[PDB]
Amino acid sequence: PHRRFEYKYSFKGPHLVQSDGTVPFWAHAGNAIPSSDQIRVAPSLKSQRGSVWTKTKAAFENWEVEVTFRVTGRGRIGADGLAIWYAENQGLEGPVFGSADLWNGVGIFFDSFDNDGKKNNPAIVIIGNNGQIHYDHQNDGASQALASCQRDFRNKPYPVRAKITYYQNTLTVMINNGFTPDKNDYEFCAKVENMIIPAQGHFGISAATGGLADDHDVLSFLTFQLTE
């Protein structure tokens, strides 16, 4: 498949922000702080919420986002995690990893904290929604998950990379677990076949903390349109 980089749905350093502190083509909200090399979407303070969302909708039949991040905290346990989004509406603020609930589209949730105590975190969960469902925070969305994997994405020596691919109606999540600086050491995490999602949508990324709090940094969000 031919790849086309899409600058309007992307961000990265070393000049990530403009002189007025904004991220070109993206809105940010809550506790998210953009700087020239990264966005600290949610700092390691208590009860933080932050998000960054594209100003306009993308209209791509197939696409691929590469997100480079680091989730860092003092503990062997941290909270709450980070979310990557494709949705009809901008979910700038809300109780769902910093973004609005009741979204129409797909969230990919990198959930650090085991709210249900099943000893199955950190976890990566893919949750489709049609604008009506309330994210089940206290059970880590386990009943709402179309697919998921167990993957410790916290406190890694190099930035973690997630590659989220929507090709021919299948959504695939590949993860590079940050053990090396080789950008292409991706391993399979999860996939949903025959997934149908809005035709147009904003891309987004958000994070939150609670009583426990990690720093959630996103270094880059790079979007490609795929044709074939």
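The first residue of the shown sequence is 1; numbering continues from there.
- The mean C-alpha temperature factor is higher for 176-184 when 176-184 and 23-31 are set side by side.
- The stretch with the higher mean CA B factor, choosing between 80-88 and 110-118, is 110-118.
- Looking only at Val67, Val52, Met195, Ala42, the residue with the top Cα B factor in the deposited structure is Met195.
- Among the modelled residues of its chain, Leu102 has a C-alpha B-factor that falls in the highest third according to the deposited record.
- Per the deposited record, the Cα B-factor of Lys57 falls in the highest third when ranked against the other modelled residues of its chain.
- Among the modelled residues of its chain, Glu93 has a C-alpha B-factor that falls in the highest third, as given in the PDB entry.
- Compared with the other modelled residues of the chain, the Cα B-factor recorded for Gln200 ranks in the highest third.
- When the modelled residues of the chain are ordered by their C-alpha B factor, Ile124 lands in the lowest third.
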